[PDB]
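Since the structure comes first, as structure tokens, the remarks are kept for the end.
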2 protein chains.
Amino acid sequence: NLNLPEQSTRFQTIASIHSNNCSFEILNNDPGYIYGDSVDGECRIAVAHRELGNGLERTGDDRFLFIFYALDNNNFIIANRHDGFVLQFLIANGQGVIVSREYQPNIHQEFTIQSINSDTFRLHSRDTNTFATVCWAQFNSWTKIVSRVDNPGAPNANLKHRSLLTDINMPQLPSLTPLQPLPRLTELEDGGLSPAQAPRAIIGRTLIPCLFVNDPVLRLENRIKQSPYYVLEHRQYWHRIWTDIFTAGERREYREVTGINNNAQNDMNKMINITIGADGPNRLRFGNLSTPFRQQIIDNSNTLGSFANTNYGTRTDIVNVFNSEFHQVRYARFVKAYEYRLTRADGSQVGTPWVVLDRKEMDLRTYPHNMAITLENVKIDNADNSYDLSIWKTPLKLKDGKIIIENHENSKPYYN
Amino acid sequence: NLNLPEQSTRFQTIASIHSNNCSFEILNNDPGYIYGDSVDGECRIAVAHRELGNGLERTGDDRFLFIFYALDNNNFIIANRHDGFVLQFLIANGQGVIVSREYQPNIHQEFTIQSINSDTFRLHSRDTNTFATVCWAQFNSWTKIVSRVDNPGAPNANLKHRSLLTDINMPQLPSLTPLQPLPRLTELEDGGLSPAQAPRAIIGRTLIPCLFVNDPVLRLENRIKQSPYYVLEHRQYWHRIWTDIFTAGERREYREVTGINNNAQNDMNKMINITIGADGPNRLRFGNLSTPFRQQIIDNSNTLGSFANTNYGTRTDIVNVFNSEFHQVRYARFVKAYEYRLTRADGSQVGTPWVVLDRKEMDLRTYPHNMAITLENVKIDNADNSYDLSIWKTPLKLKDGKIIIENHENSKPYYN
């Protein structure tokens with residue numbers, strides 16, 4: 001169920017319909033570079049670093065191959081397979097040219113496809129109202145790619161795709177799976193499933209353009225070839241925070257650390273330009289790089305947009321629990337975990353997943369079955385921010401198998 | 001699984017956290033209107049039509065109730081339940097105020113939620129960098145709602161929701177179903193399923209804000225109460241274009257009308273500010289009203305954005321077919337239909353569905369089974385536009401049960 005335009009799931013060349021054999025070619029040229037075949041004037045000399053050429057198409061050559069990354073606003077970022085730089089409109093010496101530059105992004109890297117008919121289109125830069133074509137209509141000559149306004153004299157700007165590459169290492173997306181309740185404990189010695197062992201539900205997954213994935217091992221020129229999209233998974237599991245055998249009437253104290261640490265948020269921001277907002281464990285904040293794709297990322301990952309100006313942090317609660325049963329009882333206490341995992345197209349993990357422990361959704365397993373522990377008291381030891389300072393109303397009975405979610409009736413501000 | 005913020009699936013009041021009993025109130029006042037409780041100066045006199053009041057909240061009064069419609073860019077359009085008008089920033093007499101106006105839309109109708117903590121937020125107008133609050137911090141007085149820049153001694157702009165309405169007539173969305181192949185024919189008398197009888201697959205469905213649904217029966221003040229969202233369904237079915245018994249070696253001619261009528265496109269544009277682009281039967285063109293929601297509409301309806309400057313039209317093909325079997329054979333010919341249906345929250349249909357017949361995807365049923373008809377020749381009789389003038393390469397064998405899709409190998413321009 002992949003809802004992308006065909007230009008976004010392949011590489012393609014770009015050519016004037018009036019050119020026999022030439023296509024748009026990525027150059028590493030400098031100002032003063034001579035286009036030998038061109039008539040004299042503005043079409044003969046490069047005015048900018050990394051102009052595009054009207055080159056005889058070489059089959060299999062990455063310098064002619066482009067992928068169109070689809071923005072939420074229906075425009076495209078157009079990246080080349082040779083080095084992963086993107087097309088950009090630029091004025092140098094009063095001449096409108098197409099260059100290749102690193103993804104910024106900026107409005108001059110956004111292109112509009114204007115389809116004239118089934119196989120013919122124009123590449124529109126909407127900010128300048130210009131269309132990409134060959135300098136002075138020299139359609140069969142070595143010269144630069146320009147971007148010009150429509151006038152009577154203007155070179156025809158009708159383009160086509162000359163060649164396609166359809167084998168591009170698209171990822172295989174995992175199937176959605178529901179979050180199951182944890183099994184019952186089987187004996188006193190059963191501590192339940194540890195976080196490493198707990199099954200993950202796949203709640204959502206989205207493609208991420210490789211352009212702003214700071215993969216610590218793959219540089220951009222290799223990402224665009226091997227993993228033009230990455231996969232971000234939204235997973236959930238039941239995370240055990242502690243387990244112990246209690247004697248009849250035994251009282252114990254635990255330090256419960258929930259949320260997500262500052263170092264994990266900084267790693268997530270560096271890697272994909274996204275953080276978890278303080279307003280919830282499924283609430284995403286977007287930076288400048290990820291913002292143009294935010295609605296697709298939210299829709300496909302089954303998260304929500306964050307409205308917070310602060311990131312989710314850690315909180316340490318001191319919890320006092322009392323075994324109010326006259327039996328020896330195994331207690332195992334779990335909170336819901338949100339796990340964000342990034343993989344390459346080959347399925348390889350890019351680093352350690354980012355995990356938010358949600359203190360507001362909690363479950364209990366006991367042996368024997370159907371035992372209940374008393375939550376005597378909760379106190380905040382410390383928190384990284386003041387966004388969520390609610391605590392459980394105590395005393396509270398936690399029963400085997402019963403999920404408790406925070407609401408107006410079972411919680412209060414810490415100072416009441 | 002509805003992926004919307006909680007503010008988008010309920011109505012809520014808006015209040016200063018520093019007000020005992022007052023909330024934002026929709027007024028139908030004129031310039032010169034006197035706020036009796038206000039101290040003298042800019043807070044006492046209305047400067048614009050339809051200012052907002054700081055009114056003692058009346059429970060169940062629609063003049064205090066707002067729904068937040070979520071834009072693709074993570075901002076909101078805020079509509080009131082009394083008349084369906086939306087909040088807007090306005091400068092009149094050098095004073096920044098909040099007014100209510102008809103959905104346009106414009107950038108001054110876009111509000112950003114800035115969540116400070118769990119139950120406190122600010123309403124940000126990002127173009128002007130202003131925040132909504134009560135004039136001169138008169139939090140317990142009858143006066144107007146202003147929108148001011150943050151300065152030392154600016155009125156505190158921390159807000160809350162005082163009251164909620166959660167029973168709002170949200171639609172119950174249909175389940176997605178797959179498109180099944182048509183059954184085999186059972187005898188010579190079996191003409192197969194007519195278009196009225198063919199089962200529909202539900203390929204996608206999306207919520208549409210009532211603000212730009214030109215319901216022919218329900219005015220805006222009634223839509224916002226009864227159907228704050230409408231449902232747009234993307235359905236598919238197999239549409240029978242003809243069926244006949246052929247004698248051995250019999251030749252016949254059919255006029256096949258495909259695409260969508262201009263009158264149906266105009267009706268769709270008037271109703272929801274969307275048309276089907278000429279680049280495909282699932283390709284949507286958005287006007288000024290629907291554009292701010294386009295990525296949500298595409299993602300949820302499982303359609304694609306159109307790149308065409310032309311709407312899908314009708315085309316009439318003359319097809320010559322030949323029964324190349326030495327048997328009497330029942331032939332039934334089908335094309336794929338795309339059916340777009342709009343319903344209110346109560347499930348009632350707003351108009352006749354909009355149907356695109358796709359000439360490029362075709363199936364055949366025969367009796368007896370496993371028979372093949374010859375497509376001798378295809379000619380275009382007329383078309384509404386020149387966007388797609390491809391025809392089948394003939395002769396072409398159409399086989400019982402075999403779906404044929406247009407590609408580069410089996411089609412050509414009509415003039416070749």
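Every heavy atom of this structure was used, including side-chain atoms; hydrogens, water molecules and symmetry mates were not. Proteins get letters first, then strands, A, B, ... in listed order; numbering begins at 1 in each.
A salt bridge is absent between B:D72 and A:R294: the closest approach of a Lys/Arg side-chain nitrogen to an acidic carboxylate oxygen does not fall below 4.0 angstrom. One finds a salt bridge joining A:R252 and A:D244 here, because a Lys/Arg side-chain nitrogen approaches an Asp/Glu carboxylate oxygen to under 4.0 Å. Between A:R315 and A:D388 there is a salt bridge, with a side-chain nitrogen of the basic residue lying less than 4.0 Å from a carboxylate oxygen of the acidic one. One finds no salt bridge joining A:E256 and A:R359 here, because no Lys/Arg side-chain nitrogen approaches an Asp/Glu carboxylate oxygen to under 4.0 Å.
For B:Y229 and B:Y69, the ring centers sit closer than 6.0 Å to each other. A centroid separation of less than 6.0 Å is found between the aromatic rings of B:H161 and B:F121. Between B:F111 and B:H124, the gap from one ring centroid to the other reaches at least 6.0 Å.
At most 12 non-hydrogen atoms from other residues, nucleotides or ligands lie less than 6.0 angstrom from CG of A:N1. Heavy-atom neighbours of B:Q172 CD from other residues, nucleotides or ligands within 6.0 Å: at or below the threshold of 12.
Inter-residue side-chain proximity for A:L71 and A:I77 is flagged as met; some heavy-atom pair is nearer than 4.5 Å. At a threshold of 4.5 Å between non-hydrogen side-chain atoms, the residues A:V350 and A:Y230 count as touching. The shortest distance between side-chain heavy atoms of B:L207 and B:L173 falls below 4.5 Å. A:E406 places a side-chain heavy atom less than 4.5 Å from the side chain of A:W392. For the pair B:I297/B:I208, a side-chain contact is recorded, criterion being any heavy-atom separation below 4.5 Å from C-beta on. Side-chain contact check for B:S23 versus B:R162: some heavy-atom pair is nearer than 4.5 Å. At a threshold of 4.5 Å between non-hydrogen side-chain atoms, the residues A:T9 and A:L2 count as touching. For the pair B:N73/B:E110, a side-chain contact is recorded, criterion being any heavy-atom separation below 4.5 Å from C-beta on.
Remark: A:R240 fails to qualify as a cation-pi partner of A:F334 under the 6.0 Å distance and 45° angle criteria applied to the six-membered ring. In this structure, B:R81 forms a cation-pi arrangement with B:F11, its terminal cationic atom sitting closer than 6.0 Å to the ring centre and no more than 45° off the ring axis. Figure legend: cation-pi geometry between A:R365 and A:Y331 absent, as NZ or CZ is not positioned both under 6.0 Å from the six-membered ring centre and within 45° of its axis.
No donor-acceptor pair closer than 3.5 Å links the side chain of B:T166 to the backbone N or O of B:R10. No side-chain donor-acceptor contact under 3.5 Å links B:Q296 to the backbone of B:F293. Distance alone, capped at 3.5 Å, is enough to place a donor-acceptor pair between the B:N302 side chain and the B:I203 backbone. Using a distance-only test at 3.5 Å, with no hydrogens or angles considered, no donor-acceptor pair links the side chain of A:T394 to the main chain of A:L396. In terms of modelled atom types and a separation under 3.5 Å, the side chain of A:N311 and the main chain of A:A278 share no donor-acceptor contact. A donor-acceptor contact shorter than 3.5 Å links the side chain of B:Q12 to the backbone of B:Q7. Remark: side-chain polar atoms of B:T120 are not paired, donor with acceptor, to backbone N or O of B:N158 under 3.5 angstrom.
Side-chain N/O atoms of B:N75 and B:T112 include a donor and acceptor closer than 3.5 Å. Side-chain contact check for A:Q236 and A:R200: no donor-acceptor pair (N or O, by modelled atom type) lies under 3.5 Å. For the residue pair A:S348/A:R344, the side-chain donor-acceptor check at 3.5 Å is satisfied. For the residue pair B:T206 and B:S301, no side-chain donor N or O sits within less than 3.5 Å of a side-chain acceptor on the partner. The closest side-chain donor-acceptor pair between A:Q328 and A:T247, if any, does not fall under 3.5 angstrom. No hydrogens or angles considered: nothing links the side chains of A:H369 and A:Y367 as a donor-acceptor pair under 3.5 Å. Side chains of A:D279 and A:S306: a donor-acceptor N/O pair is present below 3.5 angstrom, by distance only. Under the 3.5 Å distance criterion, with hydrogens and angles disregarded, no donor-acceptor pair is assigned to the side chains of B:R205 and B:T343. When only modelled atom types and interatomic distance are considered, A:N261 and A:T314 share no side-chain donor-acceptor pair under 3.5 Å. Side-chain contact of A:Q226 with A:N169: a donor-acceptor pair under 3.5 Å is absent, judged by distance alone.
Rounding to the nearest 0.5 Å places CG of A:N410 at 11.5 Å from CD1 of A:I391.
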